[PDB]
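> Once you've had a glance at the structure underneath, I'll fire off some questions.
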Amino acid sequence: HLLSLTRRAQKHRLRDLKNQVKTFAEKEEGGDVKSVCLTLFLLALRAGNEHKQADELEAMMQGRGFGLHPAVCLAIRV
DNA sequence: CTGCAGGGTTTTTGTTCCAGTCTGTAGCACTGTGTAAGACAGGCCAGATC
């Protein structure tokens with residue numbers, strides 16, 4: 001399983017999906033790498049759905065921190 | 001059937017370099033913990049004594 005090999009190892013696998021995402025970025029967004037993968041993965045995880053990850057996947061990017069936000073780290077240091 | 005050599009096969013695993021972008025340690029000049037009375041030699045004076 002690819003989860004056991006190195007990250008360098010994976011070179012051969014995802015060529016076609018990189019081509020597809022580069023072609024898709026042009027016609028609808030213009031270069032938005034984040035969203036096209038985020039809304040795909042967060043929703044595909046909920047295909048066979050346990051909410052244990054739905055919490056982990058929701059706060060991952062925007063709110064808040066992930067990990068603790070930099071301002072919270074600054075306050076807990078000062 | 002087996003044995004081993006050596007053919008191809010995919011898939012690591014890493015192969016060269018230049019824009020970068022990010023991370024982690026090096027260089028700078030300097031800190032703070034070292035924290036008290038006692039020994040000794042000389043000058044002298046005051047009270048005792050003949």
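Values quoted throughout were computed directly from the atomic coordinates according to the rules given, and no laboratory measurement underlies them. Neighbour counts are summed over all protein chains in view; Cβ atoms, including those assigned to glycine, are modelled from backbone coordinates with ideal geometry.
> Between residue A:2 and residue A:47, what's the calculated FRET efficiency when r is the beta-carbon distance and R0 is 25 Å? Round to 0.05.
Computed FRET efficiency for residue A:2 and residue A:47 comes out at 0.80.
> Hey, what number do you get for chain A at 222 nm if only DSSP H runs of n ≥ 4 count, each worth -39500 (n - 2.57), divided across all residues, to the nearest 500?
-16500 deg cm²/dmol
> Output wanted: per-residue J couplings in Hz (rounded whole) for the stretch A:54-61, from phi through Karplus 6.51 cos²θ - 1.76 cosθ + 1.60, θ = phi - 60°, x for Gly and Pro.
Each residue's phi maps through the Karplus curve to give 4, 5, 5, 7, 7, 7, 3, 10 Hz.
> Tell me which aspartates and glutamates have Cα within less than 20 Å of residue A:22's Cα, excluding those fewer than 8 residues away on the same chain?
Cross-link targets: A:32.
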